[PDB]
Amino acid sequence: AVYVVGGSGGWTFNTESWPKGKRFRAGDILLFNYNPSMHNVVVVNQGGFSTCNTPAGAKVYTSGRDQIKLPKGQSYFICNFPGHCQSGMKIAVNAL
């Protein structure tokens, strides 16, 4: 199944809450919509998610319409533009 992160508002600020009440499965797809001149999608670990620090080698997406397939387990995504992560532009999901 495909989920549009943030619904009609897309990938934006103060969105950490979006995952709340959703049940993800391995193989599900997260679709991220945004203006790439102003935002990105970065795949980090739990640590990076918590401190808003991008680990070395983290994958960065910048298409504006990214389709990310979820592996089994935990996945963490942040926007690493200055101050975005700190403003709630991050999500944590668990895929069963």
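All residue numbers refer to positions in the sequence shown, first residue = 1.
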item: Residue stretch of maximal mean CA temperature factor, 44 to 52 vs 24 to 32; value: 24 to 32
item: Which of 1 to 9 and 86 to 94 has higher mean CA B factor, as the PDB entry lists it; value: 1 to 9
item: Cα B factor band for residue 18 (lowest, middle or highest third within the chain); value: highest
item: Third of the chain, ranked by Cα B-factor, where residue 67 sits; value: highest
